[PDB]
Each structure stands twice: as C-alpha cells, then as structure tokens.
Amino acid sequence: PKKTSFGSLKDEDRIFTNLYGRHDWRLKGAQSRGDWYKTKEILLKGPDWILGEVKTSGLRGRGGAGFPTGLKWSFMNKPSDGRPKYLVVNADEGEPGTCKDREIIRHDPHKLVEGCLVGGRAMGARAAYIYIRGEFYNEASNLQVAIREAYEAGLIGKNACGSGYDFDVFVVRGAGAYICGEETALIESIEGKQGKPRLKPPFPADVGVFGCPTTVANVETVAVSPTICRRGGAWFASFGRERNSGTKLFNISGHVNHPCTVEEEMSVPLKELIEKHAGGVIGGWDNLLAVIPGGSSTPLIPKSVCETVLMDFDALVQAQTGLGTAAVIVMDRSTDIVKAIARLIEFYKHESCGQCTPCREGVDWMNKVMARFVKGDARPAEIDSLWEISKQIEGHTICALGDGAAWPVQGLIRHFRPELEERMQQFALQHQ
Amino acid sequence: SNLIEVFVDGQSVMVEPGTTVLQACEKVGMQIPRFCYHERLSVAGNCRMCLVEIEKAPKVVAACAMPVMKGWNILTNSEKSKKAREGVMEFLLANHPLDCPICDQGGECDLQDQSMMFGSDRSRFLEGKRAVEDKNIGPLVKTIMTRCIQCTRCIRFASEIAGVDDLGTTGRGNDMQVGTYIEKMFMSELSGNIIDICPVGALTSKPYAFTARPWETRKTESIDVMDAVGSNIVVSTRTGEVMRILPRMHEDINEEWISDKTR
Amino acid sequence: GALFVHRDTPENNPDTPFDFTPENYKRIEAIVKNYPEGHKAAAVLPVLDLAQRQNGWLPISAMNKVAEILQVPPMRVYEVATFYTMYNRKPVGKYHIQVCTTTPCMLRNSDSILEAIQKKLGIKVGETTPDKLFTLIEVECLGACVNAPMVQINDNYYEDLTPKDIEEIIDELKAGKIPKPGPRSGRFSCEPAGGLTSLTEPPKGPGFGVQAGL
Amino acid sequence: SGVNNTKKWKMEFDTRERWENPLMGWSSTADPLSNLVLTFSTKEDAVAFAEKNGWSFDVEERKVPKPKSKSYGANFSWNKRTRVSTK
Amino acid sequence: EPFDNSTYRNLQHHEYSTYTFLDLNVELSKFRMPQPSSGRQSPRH
Ligand SMILES: Cc1cc2nc3c(=O)[nH]c(=O)nc-3n(C[C@H](O)[C@H](O)[C@H](O)COP(=O)(O)O)c2cc1C
Ligand code: SF4
Ligand code: SF4
Ligand code: SF4
Ligand code: FES
Ligand SMILES: [K+]
C-alpha cells in the first residue's frame, strides 16, 4: 500500500520507452514500443472515460505548475459554446536545464501526439495548434515528418484513428522567448502578436487563440497521458508520493559527473539520484554546496538540507523549493553561489516581455544591485533591500515570470545569507 | 434583478454582473490608483497600481481586470494593498528621469500626484538609470520617451479611437521602447488628444511647451467652432492671454477629445 | 543590433528589393492554411521566420512588404520582428554562432569555449568576423541545457562541447564542410558517460491494461 | 485621471478687461470680483447664496460620467470587432 | 533495428534542409479539414 522506495526508476516505469531515441522515433518504432495501440478505442470509450482515468490518476503539472491534470481538463469538457475547441502544446522549454520537451519530440514524437489525440477526445479538440520553440528547428522537422506518417495512416486527421474526429494537429515554430513558455503568453504568440502573457481572468477554458477554448498541457503531461489511459490511474498513482505521482524527466546537470536527461521516479533521494544515474556529484557531497533540484523557478537548498530530500512537490515545498521541471543542476564548492545564479538572474532579465511594471523594472534593478553584490560593492543592509523588493514583485506581476524569477533569488538570500555577507567586506578590504 | 451584491471595505454596494473593481468602488466615491486604465479606452491592467488586496484572498487582484462576484468586500485600505501600491509605484519611479522642473506635466502630472498620496518619501535606488532616444512624430507634440512609463495608453488610443497604427512598443526586456521604429508622424485628426492621454510628460504639446505652468492657469469653459460639433473645451488662460485649449467632458457629443485644429 | 529605432540605411531601406520564390509563395499559402480565415494575423510569425531565409536577415523592406501581403498593419509585424530574439534586423554572417552561457552552461565552464572562439576569430562578442562568416554572441540557453556547454549555428546545433573541440567546430566550418550536429561526447542521444542507467530491457509492445473495453 | 476636484460647486464669475500696464507687463485689472470662487456642497444652496446678495445666476447640471461597462475578455474575440491587437 | 541502447537513430536530423519546416508545410495540404468560418475576412473586417 506504500512504495517507500520511490527512487531508481525502472524501465517499464519510463512512459517514453524510446526516451533515448533507441528503437525508432518515427512510426516504425512507435508501434514497436506500443504507440497507436487501441488509441481509437480510447477515443471510442468516451471523453468521460479518460476523464475518469486522469482523475483517478491526477497528473500534477510537470511544467512547473503542479496543478492536477484531471480537474484542469475537466474544466473544459462541456458542450461546445460554438467556438472551436482546440488543444495547445507548450514545448518552449526555456527553463535553464529543462529538456523534457525535447526528449519527447526527437525520440518519440508520436508519444506527444498520442497524448494530444487521446486528450483531444476528452477536450473536444477538433484541432491542435501545438507549438515548438524557435531554437528547436531541427526537432520541429522531426515531428513534422512523424506527423505525416500519422496523417496519411488515418491515425490523425480525417476521422482520426478511424473514428469520427476531424482532429488535425498543427505545429508552429517559435522565434525565441522564455516568457513564451507560459500558457497566457504562448496563446497570443500563436495568435500572431508579441508574445506577452495575458491578463486574468479570462481563461483558456472560454477564450484562447482567436478567442477559442484551448487546453495548454506540458508535453510531459501530454505524452504520459497515454500510459494512464492504456493502464489506468493505478499505474500512475502507485509511483510517486501523494498527489505527486507518475514519472518525469529529471535533467541532472551542473556539476555532475555524467550530466544527462533520465526519466526518473519522484520522491527520490538526491544522493542516489546523482549516484546511480550519473556516478555522483563532482567532488562528492562535500564539494556539493547546494542544488537547484526543480529548475529555475525552484530555489536552491544547502548541503545541510539536500541529503535525501524527496522530489515530491510536497517535500520541495517543505524544502522551500519546487519540482519545477526536475531540471536538477549542481554547483560545487569551487563554484561561487553568488556567481552561480549571477547568470541565472540576468537570464531572467534577458527573458521578460516587460509588459507589467514589477517584472520590467524588477529583474534589471535586481541585476544591477546584485552585480555590486557578487563584486561586493554594497553594505550589509543592501541584502535586506534585495529581500524587500524580491517579495515586492512576488505576487504583483501579471504572469509567473516575475514570481518565477523571484524564487531563485528569494531562496538564495534565506539560505546562504552569511556567504552573501562574506563577499562584501572582501571587496571592502582591497577596494578600500 | 440579476445584479449581484458585494461590499467595499464595509458598506454594501450593488454592482452589475461582470463589474470590475475600478467600476465597483467608484460608486461610493473611490478612485483606485491607476496608471494604465482609461474610462472610455480599452482595459490594459499593465501599470499594476490598481492592485488591492481583500481579506480571505492570499494574493492581490488586478482591480481593473477582476470580474467581481458575490461576497467580495474589497479591502481598499488594507496594508497589503497599501504595500502593493507603494512598491509598484516606486518601481515606476525607479527608471524615471529627474525632469520634473523641466517637464511640462509638473503640477498636472498623474505620476507626481499619486506619488504624493500613495507614495514613499525616499528612494532605495542606488544604481544607474535608463535612457531612451527621443523621437519626433510631428511639429505639434513633443516626445520625451525617457519619461515614458510604458502604460501603452498611446498605442491603444491610436489603434482603437484614432484608427491608425503609427504607435507601438518595440523591444524585449526593461528597454521596451514605445514609438514608431521607422520615423513617422502622427497624422490623426484626433492626434492631439494623445497629449491628454499620456499620464506623464512623455507626450506634450509643442506649441505650449514651456509657456506656462498648470497652477497659474484660470480655466474657463467654451466650445469648439472649427467644427459644427461645438466640442466642449476648457480654455486655459494666464495674466490676460490664452495658452491652451483643453477638451471638456460631455460624453455623448465630444466625450473628452477635441480635434487637432481646435487644440 | 541593440537598437529599437530604425535608421534608414542606404542598403536596408524600404526600396530594398525583396521577394519570394515561386515555391516560397506556396510556403506562405501552406503557412496561412493552418490558421483559420479571418485570423490570418497569426501567420505573421512563421512568415517572418521564412523572411530571413531568403535575404539572410530581416530587412525593413521585408517587414512592411510582409505587412501588405498579410493585410496586417505595418506596426504589428514591426513588433513581431523586434521582440523575438533570433529575428535580427541587422545583416548577420552566414554562420550565426549562438554560444550558450546560461547558468547551467556557465557552471560547467562555458567561458572556456567563448574565450577559445574569441581568440581564433579575433573579433569580440556580437560583431561579425572580418570575412563576416561567423558571428559570436552570448545569448540565453538553447533549451537543451544539460550536456557540456553548447553552441548553435543558424539552424544547426552542437552540445557536449569542450574548449578543445570548439576549435574543431569552426575549422571545417571555415573550410566549408558541415561538422557533426549534436553532442560531441559519447552521448548519442543523452546517455551518461557511464553508459546508460535505464531502458536495459527491450520496450514492450501492445496489449496492456485493456480496462474493460479500453 | 484623478477626480477629486469635481465633487463640489463653485461661484465663478465672468472675465473683465485684462490690460497690459505701461511697465514691465503687469496685467492690471479693475474688477475686484475675479479670484473669489466659492466651494459649495450642492446646487440649491448655491442659488440660495446667489439671490441673498442679489447676484444673477447661471447654473449648470453636473456632468456625471455615463456607465463604463468594459470587459477584458472582449479584447480577445472571434468575430467581434472589439478584438484588440495592441496592449 | 533492436532496442540497441547505444544508438541515436536520428540521422534524419542531419539530413534536414534550410527550408525544411515550410517544405513539410507545403506538402501537408491534402489531409486538411476546413478552417472555421470566422465570418469577417480579417479581424479588422
Ligand atoms: C516563465 C514560464 C515558462 C514556462 N515554460 C514552459 C515550457 O517551456 N513548457 C511547458 O510545458 N510549460 C511551461 N510553463 C508552464 C505553462 O505556463 C503552463 O502552466 C503549463 O504548460 C500547463 O500545462 P501542465 O499543467 O501540463 O504543465 C512555463 C511557465 C512559465 C511561468
Ligand atoms: S512578469 Fe510581467 S513583465 Fe515580466 S514577463 Fe511576465 S507579464 Fe511580462
Ligand atoms: S512626467 Fe511627471 S514625474 Fe516625470 S518629469 Fe514630468 S512632472 Fe516629473
Ligand atoms: S508614451 Fe505616454 S501614453 Fe505612450 S506608453 Fe509611454 S506614458 Fe503611456
Ligand atoms: S489600472 Fe489596474 S493595472 Fe493599470
Ligand atoms: K501627457
């Protein structure tokens, strides 16, 4: 009744059985690994059938959201108001270290289109304007040739899979924006405007691209939805902790011996996460000063805390962080944590639509004040001011980019504050 | 009938379905601090000064884009909303150039008045500031783009009311320059009103530029005669001569806008 | 670059000749057929992406020309070009080098490759090479930010890159031939240097779960 | 955009001659009732002030703003012109 | 052909032209359903 050993994910547990592009990404290997088996029957059973399956599963939002997918999809399953219901796929992957979007498209692009097709039956989506980031031209091509195999086989398109459904999936390349990764910004990025986040509340439920209902689902959540419709909610919920369940691409990188992207169980201890799948962290745990386990929007946590924290959303919350996209990266002792996120915080500034005042004036101001921080040209109070304006922009920005930029700097302050106070008088003694 | 009941910091107020907080608290005589919303201009919700926190709501809500429902007793004077107004303002204030003695909006500036009521008393900004290249879109309006607050009030007024698209916001990041990219000129017959729309000294009247200050003008009311509409105007005079023709409020005839000829 | 106000250049002007191939008009028709009629303003994004394949960059003659064919106001496409990063309004070299220095890459010393490429090419960050072949500039991460620090050439990427073989990336690029696009190290797809810690057993096929009627 | 000046009534007079003085340019005036605007709560007391001292009145009804029904979702439409492409 | 956990099997990525996206877009015109009738010819219309 409880699988306390929620680490060392097994091969069957990997939803994307061709995650490393082993057998074949295209249609030829898709049927080999189990794609397109009774997809029509999943559609034929009923939109509420898969609604129950996702509800009994409860897929947490793997794209740094955490919202269970069962309710998000069920907000939309209703008789159409008249506006064509559409499906939207967010494959921007602008998050530092996140690669889950890419490891699905270039190694089993059908797995993504399985989730769009099986999901679209629940959603009522007669079309899907699936999006791909502009930096992935190579990979939009791979799913374009893959989309052709499914289009001409009857599996997608005219009466998709042989059951009445004019479901057609349309791919749109991006042109480069981390802010475009948000649903409310990608929605008008598809609409043909500056990719700015949309104010709320309207919702994807009622409006969207050209004012149409549009289910934005992260590719990992999209492409895992097959396995939860082919096996059931028992398969998904059995792995992972309460709420946080299933399998996610843990992107181990940073200061790790063998940086790679592996499907991994959540609620996994950090130590065997880097030991078994990567041979350890460079210099061991002692060299390991901190870890960013979830991703950019997930604050880093100190060596005295890492040990065996479980990457289940609840356990990151008590760890003052989040699951993000499991884009876990590590900094060693040789790496200055003030310098470590120095590129991270300026990366957030370089990626901001700038519409709302807290983000437009926030990160750049944060960039300048921290530039004198990593150099040390500041007074001990300045860290407290950095605390104050970081919370000031928190919850005051239209979208979650500001809040997504708030968590990294916010976590650093309350976790390595003495080190922040360490570097400044080091500046003072020599630049006196 | 179908109208739903909400409160505003106590007193119960009756509201229309779909009512936003701005048009909810004005019934009792409140102006929520705003910098990107205009009454007869489409919603923006970008300035984030309308922010107000209510009890039993963990996160502050954008007032101008918040459809109120039953049992929403807007805590206008809540400290968190007061904190939200302060921080958002000082964030606008940060990259604003210190041109108040040399900006014509001095004395009639929305940024100045709000910063005196819902404003701090000193700055925490210890870094360098931001500067923007000035543009020139006609010998009738002066564009000091460094003083812009990116409220996008200009681009909306042009695209929806003026029916032209010579205005836009270019860039990505803090920069977010608002202008024309390629040099152009505001040819709208109603281009003059964009001076009234801009809350800051970013857009100012070229003929009036540095001729008078607001606190000395003895405003008087008259009408347009160039057009047969008889647009209601406010004539700003000083020491026995006419400085500027400002548009009055009359709604169904001229709203708050006047022709470029009569301005 | 680093500008958001247009200066009319002698070569990049509204009069600059700019058109489409007979198959290119088909590509635009293929672009607009995906989005619904009466909402063709959505097509402005990929056509602008298409725009710089012809000339090599985004000429201002293209922005207003593509506005008139897509019946959109000029300023709307003006904003689409200036916002997105790869939409470059200034002429760029044939090899648009996209070096990655975002925190995960900088942690694994993405500075070494940048200095190595800076030394051979001589030209600094941003500016073009003296033959205008390569263009080195620091930008955000490619979106694949796990392997050793990565670079991206126009539409051809490389990851798992070391300061030794960045020397081996531009050498044949200078010669003309295309290097191997992908992870330089033993990561064929993403596999760790210690082999592969998953997917050992062959993947299963169909016939699983079949809840009731499935 | 502030409104907190439209809430009261006044007792403004009409303008008289504003002539330039021979010296530096003072606009010398001979009417004492120039800068004597009042402040009133309503309009019935306004007129009540008018005839007690025997001044002819010229009243004007307050231009209360018309209702401002707006919808953010309206900016994003399907076949409605209110579809806004500028923010 | 087998699982061959030491393979990439994405040589087609190397064999992609500069016009690839639009080229597949051009040939993706047959199995298309009718884009919804928004009415007005343009959002401005
Ligand atoms: C700055 C930012 C970037 C994001 N980038 C991505 C992304 O690259 N891919 C993604 O799937 N979701 C991304 N998201 C999350 C989406 O906004 C959205 O919450 C999610 O796609 C919804 O689907 P899910 O619940 O399955 O995650 C991003 C969010 C933010 C705030
Ligand atoms: S936080 Fe605000 S300003 Fe920053 S990208 Fe998001 S919506 Fe734009
Ligand atoms: S716009 Fe307002 S705050 Fe800015 S310089 Fe002018 S008067 Fe001062
Ligand atoms: S120029 Fe004026 S109206 Fe336009 S965005 Fe700036 S402050 Fe607003
Ligand atoms: S008025 Fe509410 S944000 Fe500008
Ligand atoms: K103004």
# chains A, B, ... in the order shown; residues from 1 in each chain; ligands from 1
$ select_by_dssp --residues "chain E" --states "alpha helix (DSSP H)" --output "PDB file with N, CA and C atoms, in the first residue's frame"
ATOM      1  N   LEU E  11      19.573  10.269 -37.646  1.00  0.00           N
ATOM      2  CA  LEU E  11      20.367  10.799 -38.750  1.00  0.00           C
ATOM      3  C   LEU E  11      19.548  11.714 -39.648  1.00  0.00           C
ATOM      4  N   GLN E  12      18.221  11.577 -39.625  1.00  0.00           N
ATOM      5  CA  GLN E  12      17.352  12.456 -40.399  1.00  0.00           C
ATOM      6  C   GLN E  12      17.479  13.904 -39.947  1.00  0.00           C
ATOM      7  N   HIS E  13      17.844  14.124 -38.680  1.00  0.00           N
ATOM      8  CA  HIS E  13      18.150  15.475 -38.224  1.00  0.00           C
ATOM      9  C   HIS E  13      19.294  16.077 -39.026  1.00  0.00           C
ATOM     10  N   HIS E  14      20.339  15.288 -39.273  1.00  0.00           N
ATOM     11  CA  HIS E  14      21.451  15.759 -40.090  1.00  0.00           C
ATOM     12  C   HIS E  14      21.005  16.013 -41.525  1.00  0.00           C
ATOM     13  N   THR E  20      13.248  23.354 -44.361  1.00  0.00           N
ATOM     14  CA  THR E  20      12.582  22.095 -44.042  1.00  0.00           C
ATOM     15  C   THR E  20      11.170  22.316 -43.512  1.00  0.00           C
ATOM     16  N   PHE E  21      11.009  23.190 -42.515  1.00  0.00           N
ATOM     17  CA  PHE E  21       9.692  23.392 -41.913  1.00  0.00           C
ATOM     18  C   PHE E  21       8.639  23.723 -42.963  1.00  0.00           C
ATOM     19  N   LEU E  22       8.922  24.724 -43.796  1.00  0.00           N
ATOM     20  CA  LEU E  22       7.947  25.148 -44.792  1.00  0.00           C
ATOM     21  C   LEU E  22       7.760  24.095 -45.876  1.00  0.00           C
ATOM     22  N   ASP E  23       8.796  23.299 -46.154  1.00  0.00           N
ATOM     23  CA  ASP E  23       8.674  22.249 -47.161  1.00  0.00           C
ATOM     24  C   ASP E  23       7.676  21.180 -46.728  1.00  0.00           C
ATOM     25  N   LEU E  24       7.754  20.739 -45.469  1.00  0.00           N
ATOM     26  CA  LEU E  24       6.724  19.844 -44.953  1.00  0.00           C
ATOM     27  C   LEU E  24       5.378  20.544 -44.842  1.00  0.00           C
ATOM     28  N   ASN E  25       5.376  21.853 -44.587  1.00  0.00           N
ATOM     29  CA  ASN E  25       4.119  22.592 -44.557  1.00  0.00           C
ATOM     30  C   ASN E  25       3.453  22.599 -45.926  1.00  0.00           C
ATOM     31  N   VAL E  26       4.245  22.745 -46.992  1.00  0.00           N
ATOM     32  CA  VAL E  26       3.689  22.786 -48.344  1.00  0.00           C
ATOM     33  C   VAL E  26       2.996  21.473 -48.675  1.00  0.00           C
TER      34      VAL E  26
END
$ closest_atom_pairs --of "chain E" --to "chain D" --cutoff "12 Å" --atoms "only C-alpha atoms" --output "Markdown table"
| residue | atom | partner | partner_atom | distance |
| --- | --- | --- | --- | --- |
| E:36 | CA | D:78 | CA | 10.3 |
| E:37 | CA | D:79 | CA | 9.3 |
| E:38 | CA | D:79 | CA | 5.7 |
| E:39 | CA | D:79 | CA | 6.3 |
| E:40 | CA | D:79 | CA | 6.4 |
| E:41 | CA | D:79 | CA | 9.5 |
| E:42 | CA | D:79 | CA | 8.9 |
| E:43 | CA | D:81 | CA | 6.6 |
| E:44 | CA | D:81 | CA | 6.3 |
| E:45 | CA | D:81 | CA | 7.4 |
$ write_last_selection --atoms "N, CA, C and O atoms" --output "PDB file, in the first residue's frame"
ATOM      1  N   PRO E  36     -12.167  27.096 -39.462  1.00  0.00           N
ATOM      2  CA  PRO E  36     -13.507  27.547 -39.068  1.00  0.00           C
ATOM      3  C   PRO E  36     -13.857  28.908 -39.653  1.00  0.00           C
ATOM      4  O   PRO E  36     -13.018  29.807 -39.745  1.00  0.00           O
ATOM      5  N   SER E  37     -15.122  29.051 -40.040  1.00  0.00           N
ATOM      6  CA  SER E  37     -15.613  30.270 -40.677  1.00  0.00           C
ATOM      7  C   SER E  37     -15.770  31.348 -39.615  1.00  0.00           C
ATOM      8  O   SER E  37     -16.784  31.411 -38.917  1.00  0.00           O
ATOM      9  N   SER E  38     -14.756  32.203 -39.486  1.00  0.00           N
ATOM     10  CA  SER E  38     -14.831  33.312 -38.546  1.00  0.00           C
ATOM     11  C   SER E  38     -15.762  34.417 -39.017  1.00  0.00           C
ATOM     12  O   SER E  38     -16.026  35.347 -38.249  1.00  0.00           O
ATOM     13  N   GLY E  39     -16.259  34.349 -40.251  1.00  0.00           N
ATOM     14  CA  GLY E  39     -17.103  35.410 -40.759  1.00  0.00           C
ATOM     15  C   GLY E  39     -16.300  36.474 -41.473  1.00  0.00           C
ATOM     16  O   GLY E  39     -16.022  36.360 -42.671  1.00  0.00           O
ATOM     17  N   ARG E  40     -15.944  37.525 -40.737  1.00  0.00           N
ATOM     18  CA  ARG E  40     -15.152  38.620 -41.281  1.00  0.00           C
ATOM     19  C   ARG E  40     -13.876  38.102 -41.935  1.00  0.00           C
ATOM     20  O   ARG E  40     -13.234  37.175 -41.436  1.00  0.00           O
ATOM     21  N   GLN E  41     -13.521  38.710 -43.072  1.00  0.00           N
ATOM     22  CA  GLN E  41     -12.321  38.299 -43.795  1.00  0.00           C
ATOM     23  C   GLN E  41     -11.059  38.542 -42.978  1.00  0.00           C
ATOM     24  O   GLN E  41     -10.067  37.821 -43.137  1.00  0.00           O
ATOM     25  N   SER E  42     -11.073  39.546 -42.114  1.00  0.00           N
ATOM     26  CA  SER E  42      -9.957  39.886 -41.249  1.00  0.00           C
ATOM     27  C   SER E  42     -10.512  40.226 -39.877  1.00  0.00           C
ATOM     28  O   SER E  42     -11.700  40.539 -39.744  1.00  0.00           O
ATOM     29  N   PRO E  43      -9.683  40.159 -38.829  1.00  0.00           N
ATOM     30  CA  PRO E  43     -10.149  40.646 -37.521  1.00  0.00           C
ATOM     31  C   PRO E  43     -10.559  42.104 -37.568  1.00  0.00           C
ATOM     32  O   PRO E  43     -11.425  42.532 -36.794  1.00  0.00           O
ATOM     33  N   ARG E  44      -9.949  42.878 -38.465  1.00  0.00           N
ATOM     34  CA  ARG E  44     -10.339  44.261 -38.695  1.00  0.00           C
ATOM     35  C   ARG E  44     -11.657  44.327 -39.461  1.00  0.00           C
ATOM     36  O   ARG E  44     -12.503  45.179 -39.162  1.00  0.00           O
ATOM     37  N   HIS E  45     -11.868  43.409 -40.404  1.00  0.00           N
ATOM     38  CA  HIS E  45     -13.091  43.345 -41.211  1.00  0.00           C
ATOM     39  C   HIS E  45     -14.360  43.330 -40.360  1.00  0.00           C
ATOM     40  O   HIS E  45     -15.177  44.248 -40.427  1.00  0.00           O
TER      41      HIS E  45
END
$ residues_near_ligand --ligand "ligand 1" --cutoff "6 Å" --atoms "only C-alpha atoms and all ligand atoms" --output "list in words"
residues 61, 62, 63, 64, 65, 67, 90, 91, 92, 93, 94, 178, 179, 181, 182, 183, 216, 217, 218, 219, 221, 400 and 401 of chain A
$ residues_around --residues "residue 3 of chain D" --least-positions-apart "3" --cutoff "12 Å" --atoms "only C-alpha atoms" --output "list in words"
residues 26, 29, 30, 31, 32, 33, 34, 39, 110 and 113 of chain B; 6, 7, 8, 64 and 65 of chain D
$ residues_near_ligand --ligand "ligand 2" --cutoff "7 Å" --atoms "only C-alpha atoms and all ligand atoms" --output "PyMOL selection string"
chain A and resi 179+196-197+352-360+397-403
$ write_last_selection --atoms "N, CA, C and O atoms" --output "PDB file, in the first residue's frame"
ATOM      1  N   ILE A 179       9.603  33.731 -21.853  1.00  0.00           N
ATOM      2  CA  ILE A 179       8.269  34.141 -21.428  1.00  0.00           C
ATOM      3  C   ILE A 179       7.203  33.466 -22.277  1.00  0.00           C
ATOM      4  O   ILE A 179       6.078  33.239 -21.813  1.00  0.00           O
ATOM      5  N   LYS A 196       3.344  38.258 -25.227  1.00  0.00           N
ATOM      6  CA  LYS A 196       3.201  38.753 -23.874  1.00  0.00           C
ATOM      7  C   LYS A 196       2.157  37.926 -23.133  1.00  0.00           C
ATOM      8  O   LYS A 196       1.177  37.472 -23.731  1.00  0.00           O
ATOM      9  N   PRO A 197       2.352  37.683 -21.844  1.00  0.00           N
ATOM     10  CA  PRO A 197       1.333  36.971 -21.069  1.00  0.00           C
ATOM     11  C   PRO A 197       0.014  37.723 -21.028  1.00  0.00           C
ATOM     12  O   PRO A 197      -0.032  38.955 -20.983  1.00  0.00           O
ATOM     13  N   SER A 352      12.059  38.515 -20.565  1.00  0.00           N
ATOM     14  CA  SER A 352      10.915  39.118 -19.896  1.00  0.00           C
ATOM     15  C   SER A 352      10.193  40.004 -20.895  1.00  0.00           C
ATOM     16  O   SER A 352      10.811  40.881 -21.502  1.00  0.00           O
ATOM     17  N   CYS A 353       8.888  39.774 -21.068  1.00  0.00           N
ATOM     18  CA  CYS A 353       8.145  40.560 -22.046  1.00  0.00           C
ATOM     19  C   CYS A 353       8.067  42.023 -21.633  1.00  0.00           C
ATOM     20  O   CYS A 353       7.830  42.895 -22.475  1.00  0.00           O
ATOM     21  N   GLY A 354       8.225  42.306 -20.342  1.00  0.00           N
ATOM     22  CA  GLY A 354       8.298  43.664 -19.854  1.00  0.00           C
ATOM     23  C   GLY A 354       6.991  44.425 -19.821  1.00  0.00           C
ATOM     24  O   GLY A 354       7.016  45.645 -19.617  1.00  0.00           O
ATOM     25  N   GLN A 355       5.850  43.758 -20.015  1.00  0.00           N
ATOM     26  CA  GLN A 355       4.585  44.487 -20.025  1.00  0.00           C
ATOM     27  C   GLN A 355       4.245  45.019 -18.637  1.00  0.00           C
ATOM     28  O   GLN A 355       3.942  46.207 -18.478  1.00  0.00           O
ATOM     29  N   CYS A 356       4.323  44.171 -17.615  1.00  0.00           N
ATOM     30  CA  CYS A 356       3.928  44.576 -16.278  1.00  0.00           C
ATOM     31  C   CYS A 356       5.110  45.233 -15.583  1.00  0.00           C
ATOM     32  O   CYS A 356       6.259  44.809 -15.738  1.00  0.00           O
ATOM     33  N   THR A 357       4.815  46.287 -14.832  1.00  0.00           N
ATOM     34  CA  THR A 357       5.871  47.068 -14.200  1.00  0.00           C
ATOM     35  C   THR A 357       6.749  46.272 -13.238  1.00  0.00           C
ATOM     36  O   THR A 357       7.975  46.482 -13.264  1.00  0.00           O
ATOM     37  N   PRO A 358       6.229  45.383 -12.374  1.00  0.00           N
ATOM     38  CA  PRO A 358       7.137  44.695 -11.438  1.00  0.00           C
ATOM     39  C   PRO A 358       8.241  43.906 -12.121  1.00  0.00           C
ATOM     40  O   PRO A 358       9.374  43.898 -11.631  1.00  0.00           O
ATOM     41  N   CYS A 359       7.951  43.245 -13.244  1.00  0.00           N
ATOM     42  CA  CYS A 359       8.994  42.471 -13.910  1.00  0.00           C
ATOM     43  C   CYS A 359       9.903  43.361 -14.747  1.00  0.00           C
ATOM     44  O   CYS A 359      11.124  43.165 -14.764  1.00  0.00           O
ATOM     45  N   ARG A 360       9.327  44.338 -15.452  1.00  0.00           N
ATOM     46  CA  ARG A 360      10.128  45.181 -16.334  1.00  0.00           C
ATOM     47  C   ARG A 360      11.165  45.974 -15.551  1.00  0.00           C
ATOM     48  O   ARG A 360      12.326  46.075 -15.966  1.00  0.00           O
ATOM     49  N   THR A 397       3.154  40.578 -10.271  1.00  0.00           N
ATOM     50  CA  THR A 397       3.326  40.550 -11.714  1.00  0.00           C
ATOM     51  C   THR A 397       2.141  39.854 -12.369  1.00  0.00           C
ATOM     52  O   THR A 397       1.505  38.972 -11.783  1.00  0.00           O
ATOM     53  N   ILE A 398       1.845  40.277 -13.600  1.00  0.00           N
ATOM     54  CA  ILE A 398       0.712  39.716 -14.332  1.00  0.00           C
ATOM     55  C   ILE A 398       0.877  38.214 -14.493  1.00  0.00           C
ATOM     56  O   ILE A 398      -0.072  37.443 -14.304  1.00  0.00           O
ATOM     57  N   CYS A 399       2.082  37.775 -14.826  1.00  0.00           N
ATOM     58  CA  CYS A 399       2.361  36.370 -15.051  1.00  0.00           C
ATOM     59  C   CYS A 399       3.336  35.860 -13.999  1.00  0.00           C
ATOM     60  O   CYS A 399       3.687  36.560 -13.046  1.00  0.00           O
ATOM     61  N   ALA A 400       3.769  34.619 -14.184  1.00  0.00           N
ATOM     62  CA  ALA A 400       4.651  33.966 -13.230  1.00  0.00           C
ATOM     63  C   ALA A 400       6.127  34.102 -13.583  1.00  0.00           C
ATOM     64  O   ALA A 400       6.957  33.483 -12.913  1.00  0.00           O
ATOM     65  N   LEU A 401       6.480  34.871 -14.618  1.00  0.00           N
ATOM     66  CA  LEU A 401       7.894  35.117 -14.887  1.00  0.00           C
ATOM     67  C   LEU A 401       8.546  35.879 -13.742  1.00  0.00           C
ATOM     68  O   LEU A 401       9.638  35.510 -13.293  1.00  0.00           O
ATOM     69  N   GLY A 402       7.900  36.944 -13.262  1.00  0.00           N
ATOM     70  CA  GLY A 402       8.439  37.662 -12.120  1.00  0.00           C
ATOM     71  C   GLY A 402       8.517  36.785 -10.887  1.00  0.00           C
ATOM     72  O   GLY A 402       9.555  36.710 -10.225  1.00  0.00           O
ATOM     73  N   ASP A 403       7.426  36.086 -10.579  1.00  0.00           N
ATOM     74  CA  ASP A 403       7.448  35.121  -9.487  1.00  0.00           C
ATOM     75  C   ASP A 403       8.426  33.991  -9.784  1.00  0.00           C
ATOM     76  O   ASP A 403       9.141  33.523  -8.892  1.00  0.00           O
TER      77      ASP A 403
END
$ closest_residue --among "B:3, B:47, B:176, B:202" --to "ligand 3" --atoms "only C-alpha atoms and all ligand atoms"
B:202
